[PDB]
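Given as structure tokens, the chain that follows is alone and in the form deposited in one PDB entry.
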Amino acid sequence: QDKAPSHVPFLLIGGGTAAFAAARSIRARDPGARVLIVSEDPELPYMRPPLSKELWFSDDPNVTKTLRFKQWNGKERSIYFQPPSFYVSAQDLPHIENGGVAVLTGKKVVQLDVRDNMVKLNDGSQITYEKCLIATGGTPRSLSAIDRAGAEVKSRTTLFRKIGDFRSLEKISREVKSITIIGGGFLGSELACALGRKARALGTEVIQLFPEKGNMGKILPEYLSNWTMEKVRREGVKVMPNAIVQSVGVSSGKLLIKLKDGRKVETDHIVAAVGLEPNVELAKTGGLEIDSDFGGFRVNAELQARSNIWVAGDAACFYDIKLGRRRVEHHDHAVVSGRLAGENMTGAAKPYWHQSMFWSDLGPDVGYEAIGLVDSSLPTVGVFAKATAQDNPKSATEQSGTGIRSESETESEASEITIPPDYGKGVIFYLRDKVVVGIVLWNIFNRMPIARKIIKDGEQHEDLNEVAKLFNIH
């Protein structure tokens, strides 16, 4: 019966990626530190990317119990950041010799009293802190057509975010004839591909619909958005672009989605993958400033919301050194900003100047990376080439030993860049006035430090075909 201590020097609210990175950082710099993670979920801290990717590519019926997945290179890894025995119990935390990290699982912080340096849990427990990190992440947006459809439809809609969602949806995948994914972004498309692969064996149907002309249409320019839609269609998924959902109802036991254009889609289950809402409930009681335009808790350069409260990960609205106020949903960001928060809580006093990278794999054969401002409404220049046999996530994993792309790319920008004297890979430059403000890499790995350097420098480029040569495109 894990009992909450009355006081902890370091209190981390939320037990996700950013919390874990902070906990690691605090203990590295203060080897006797006493750190408590308070986590709403019943599980110990775990990474999210495998939930839409490697966990679905497995013959092992046992993997939904163990959550020990095989990477694209065949090697097993646990979804948990560390073995459960590396944590100490919450009750031992205040006086165990040499300190430790405890996690109170199944407990939610429902009140933050910043002037009293205290939080209240859902069970009424009160805990004081010396330093606090808010790392509450986000909650999935629902579709208003689902929200207004009643309990029956809502009960047959998954918002895909946690271990529990993976297990429920994997079970649904084996039991029903038709599943529809609403949303064309990277998560929607990853699940389309995962579900489509399962459906081929089973002889069942997977549909993906969304309002854009093609997959990832808000990010990717037409050529690659269209190319991705073709790749998902090659997995056996019925992809419906230009689809605006008017309503969803139940008809003769099936869900019936009505689209504005007049088409109607019958299906057994819906997965909504339509973005995230930063979890800022605590800002009310806390009196903490939130950003109305981008969402999230506002923080300064050191990730502080208050002299002794920091924010990291998806819940933070930070000042991007290039782009201004910003919020992101990037594993890399959660790790680096968590880590930095931990350092600043142990006296580093350093600013968040990192340029956060994103990646997505649609299976072992197709991958993407992105950095900076990537928006398909911006002017773009794409340079493409035929793929070599090494230009895919599987080969990147083989080479690096990891499927967590942000781990293998490193965090740094290249020290210098010197341009040297059908398509299946390329680089997309997003432009403002000949300056590169964002880059998408399609099946190009180990070049993120070059992309970070190009954006950081912020020079004008006369010829992006020359710059593409840095990405081994020519």
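Sequential numbering from 1, following the sequence displayed.
Not pictured, yet referred to below: the form solved in complex with a partner chain.
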- prompt: How about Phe57: is it within 4.5 Å of the partner chain in the deposited complex, going by heavy atoms?
  reply: no
query: Any chance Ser377 has a heavy atom within 4.5 Å of the partner chain in the deposited complex?
result: yes
- prompt: Does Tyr80 make contact with the partner chain in the deposited complex, using a 4.5 Å heavy atom cut-off?
  reply: no
- request: Using the partner position in the deposited complex, report whether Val383 sits within 4.5 Å of the partner chain, counting heavy atoms only.
  value: yes
- request: May I ask you to choose, among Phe358, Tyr223, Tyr87, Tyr129, the residue with a heavy atom within 4.5 Å of the partner chain in the deposited complex?
  value: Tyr223
Interface stretch in the deposited complex with the partner chain - options 461 to 469, 6 to 14, 448 to 456, 21 to 29, non-hydrogen atom within 4.5 Å: 461 to 469
